[PDB]
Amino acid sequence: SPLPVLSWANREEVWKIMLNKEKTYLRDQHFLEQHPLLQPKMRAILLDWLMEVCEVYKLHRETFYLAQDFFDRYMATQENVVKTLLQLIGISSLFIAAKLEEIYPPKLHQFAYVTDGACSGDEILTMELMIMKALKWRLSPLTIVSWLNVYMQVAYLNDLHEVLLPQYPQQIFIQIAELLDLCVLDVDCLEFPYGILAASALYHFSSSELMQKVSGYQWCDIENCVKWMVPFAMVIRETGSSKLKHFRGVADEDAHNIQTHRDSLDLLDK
């Protein structure tokens, strides 16, 4: 019940399905225990590099977050992965996500190319099939950033109650996304539901009353997450936020949806 009365369906129904899909899409904060040769900063390095390829290719934030999610969930089904297999598993999660999400995704030879020789097309092909079968073809999660999308729409809701037409400030959205991009780099984020992560980040840029009104969470749903997020918010606050970018070939009304990259790895140490 942050959603308004809907013009296309039952808001109670829509929100409930949204809540309940969040409960079939299982995430595990300790999944790297299954991979003793891996450390959390490998996961962050891998995810950080994907953000940078997304920006180079002007892929959407939704596609980065799909890839992040396919990656984390895939690894939980798997048992002894080595550092050198990471780039394959990551660029292949990205390949699936871009085919799902983009009108004109980069071609497979483009995903081979950006690995600088380390993965071949045939290997990305083998691996996407391994990933999809292991996920049992559940490739439609509500990602961290889609919740932020939802929340921002409600924030900026008119007395003309259409939620489906984008109607929020581009530049503030970017600034909360940049905090979430830092927080995904740390694997312990996985302990909090994606909708909580996105609520807690928005809270840090606003208040409990806004947070509550746009994501129907009471403050105690959010409190634990907010506490964990604290350091990340502070590091961001310390540095100041980024400016909204223009991207060649991308419509300005779509610019805030393009995935960006900054030195989040530096920021993750503090």
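Numbers for residues come from their place in the sequence shown, where the first is 1. Definition used throughout: the rigid core is the maximal C-alpha set that superposes within 1.5 Å between two forms.
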property	result
Between 160-168 and 181-189, larger RMS Cα displacement in 6 other deposited structures of this protein after core fit	160-168
Positional deviation of Cα atoms in 6 other deposited structures of this protein after core superposition, greater for 83-91 or 151-159	151-159
Selected stretch [higher average CA B-factor]: 191-199 or 160-168	160-168
Greater mean Cα temperature factor according to the PDB record, 95-103 or 78-86	78-86
Among modelled residues of the same chain, the CA temperature factor third for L210	middle
Assigned third (lowest, middle, highest) for the C-alpha B factor of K16	middle
Cα B factor band for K243 (lowest, middle or highest third within the chain)	highest
Chain-wide C-alpha B factor ranking for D186, given as lowest, middle or highest third	highest
B-factor third for the C-alpha atom of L135 within its chain	lowest
